[PDB]
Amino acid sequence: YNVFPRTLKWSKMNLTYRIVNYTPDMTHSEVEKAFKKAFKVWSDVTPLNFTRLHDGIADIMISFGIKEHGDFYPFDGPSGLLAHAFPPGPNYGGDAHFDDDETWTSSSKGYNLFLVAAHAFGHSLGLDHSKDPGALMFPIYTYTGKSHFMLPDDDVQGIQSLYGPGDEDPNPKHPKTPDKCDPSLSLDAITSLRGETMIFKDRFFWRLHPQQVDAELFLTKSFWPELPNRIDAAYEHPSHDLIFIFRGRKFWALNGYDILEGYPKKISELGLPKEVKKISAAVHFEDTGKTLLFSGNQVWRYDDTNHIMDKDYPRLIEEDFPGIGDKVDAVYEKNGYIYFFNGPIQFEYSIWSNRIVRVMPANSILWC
């Protein structure tokens, strides 16, 4: 997280705001609800208090505007700039302006007013932009899902380094960005995608170029807004530029940023028993047209040519891959080697000699 130079913080704890005007995109009640919610995010973890004024000069004057809207800083029409706010101070200090060329909503569509406002008010209280892609204070908007909003841990620490903690935080365990240097790191799923490793953890993925040592960290929703935050398994069809993503009994096929026509589908369509309730890991072999799918302690092999399950399946992992334990968290394949992830460990399995040839912490895939 980052605070402002000179550490601009408010002096008093009891603060006022005023919704100077409104957008036509939403009713007055919805807008007031969004703004109230946005303030609650910050008040829930600080001694700060917020009060709405219907008339006069408040500390935080909130307005909607379009292009040239009265300051030095015109808005730019649809998308791009969503809003701007000033740090704590007198007059413009604390003020927040919203671009009414955006379509503001209380849903996943257009732009969510509560989300932008919660971000905007972070500035109004003295937080600068964060470099953590998982932080609310990250400079770039991402709809984070209809799930109930939890302030991320980077923002809690930032704001509490300004104003200390509150009496009681309604959920004290705040979402943290995963730490790649932590040797206890376990993974959700892995694939290659256009020659790069995609490593899923929680609502994030790392993308790592083979020529790079520092992975890029994204929110999954940054790439695929209509996909779940957490995924179970991922695999690639490089021939068709397709990635396949599993979560519960659904699965999607993706072409770049696009969900193919017809997806998500049920995994039962793959020929899975109806009692299989998640795929734990998956890997495709293109020189064979065969995909391996893991769940609990079993493997299925799927024929990606003839579009059916192979006959001798399911089999036990303990029979086909002796020594890797009883589950597969995530798996990928490279250069005749299969990489099996089980908790904090990865097993390097040689297809050639049909044995584990190497063992190392899961996080070492991220050069850590």
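Quick note: we count residues from 1 along the sequence shown, nothing fancier.
- Stretches compared: 175 to 183, 71 to 79. Higher mean C-alpha B-factor in the entry: 71 to 79.
- Look at the C-alpha B-factors of 151 to 159 and of 232 to 240. On average they run higher in 232 to 240.
- Remark: of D132, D188, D287, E196, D287 shows the highest value [criterion: C-alpha B-factor in the PDB entry].
- Per the PDB record, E275 has a higher Cα B-factor than any other of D202, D95, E216, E275.
- Residue-level temperature factors show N363 in the lowest third of its chain, judged at the C-alpha atom.
- Ranked against the other modelled residues of its chain, the C-alpha B-factor of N14 as given in the entry falls in the highest third.
- Among the modelled residues of its chain, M61 has a C-alpha B-factor that falls in the middle third, as given in the PDB entry.
- When all modelled residues of the chain are sorted by CA temperature factor, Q346 is found within the lowest third.
- Among the modelled residues of the chain, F223 sits in the middle third by CA temperature factor in this PDB entry.
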